[PDB]
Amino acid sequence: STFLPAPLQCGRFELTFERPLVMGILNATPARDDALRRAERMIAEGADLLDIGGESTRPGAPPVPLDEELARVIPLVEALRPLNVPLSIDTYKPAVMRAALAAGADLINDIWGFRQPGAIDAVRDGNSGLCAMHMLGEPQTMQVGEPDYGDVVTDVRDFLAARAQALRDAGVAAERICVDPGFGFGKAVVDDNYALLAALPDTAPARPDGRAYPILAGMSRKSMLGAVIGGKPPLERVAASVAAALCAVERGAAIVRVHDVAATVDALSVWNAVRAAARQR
């Protein structure tokens, strides 16, 4: 406060964060026209980016075969490109990264932090945005591991610092990179996730210009929320998800990744109005 996240080069777009941006989650997982209507609705509700995922990229989910992931993701990229809204791709598979970038996606959002063999090579060229997330696990297994940290905030920051360095060593400009602490990925459901949310600014390492890498935060409908509201199921977590998104932007998040776009946008309109009033004092 009154913090300004560093800019993100994001394929066709140069994102700046005078206000935090809302990334609407477009799960392309049961048809195509169903997903396109969803995307149009989310844009109408105020989504600033769309995150296209052909898999369940969460802990304990079945891993989708390559041909099918390609068949879900690529035609949505092609159909949504004309809308001139950033298209993020939720994938850790280098082949999906290559095909999706060739199809004209703007951002690669990777739960494995570009650790899968060949992912860095897939993304090093061009201008796409890249979100390196923290997940505790061994990449070869494709499985999230058990929580284990000294200070989870420090460990998450150092890992993200190493991932940004690895991207930069391969020629990726620092301005194309954002980071994400990976809420719900190898974290104690309450203690680790809320430590990371309370200390969000400190999860982000510094770019060479001294500015912190901008932060993407995704908590929407997650177990960390169910755990504090008496165990209600995902569809009953909207108000809690709005609360978490607001907390993240209060703590300097550049982008919030959400299911409930209208509700998040409305909440962020109120947040911006408060900030605008505070700036006159």
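The first residue of the shown sequence is 1; numbering continues from there.
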Residues of the deposited sequence that sit between residue 31 and residue 30 yet are not modelled = 10 or more
ask   = Do the C-alpha atoms of 56-64 or of 241-249 have the higher average B factor in the entry?
value = 56-64
remark   = When mean C-alpha B-factors in the record are compared for 182-190 and 81-89, the larger belongs to 81-89
Out of 50, 215, 227, 70, residue topping the C-alpha B-factor column of the entry = 70
ask   = What's the residue among 150, 113, 201, 118 with the greatest CA temperature factor in the PDB record?
value = 150
Ranked against its chain, the third holding the CA B-factor of residue 157 = middle
query = Lowest, middle or highest third: where is residue 128 by Cα B-factor in its chain?
reply = middle
remark   = In terms of its chain's C-alpha B-factors, the third that includes residue 8 is the middle
Chain third (lowest, middle, highest) by recorded CA B-factor, residue given as residue 98 = middle
query = Ranked by Cα temperature factor within the chain, is residue 276 in the lowest third, the middle third or the highest third?
reply = middle
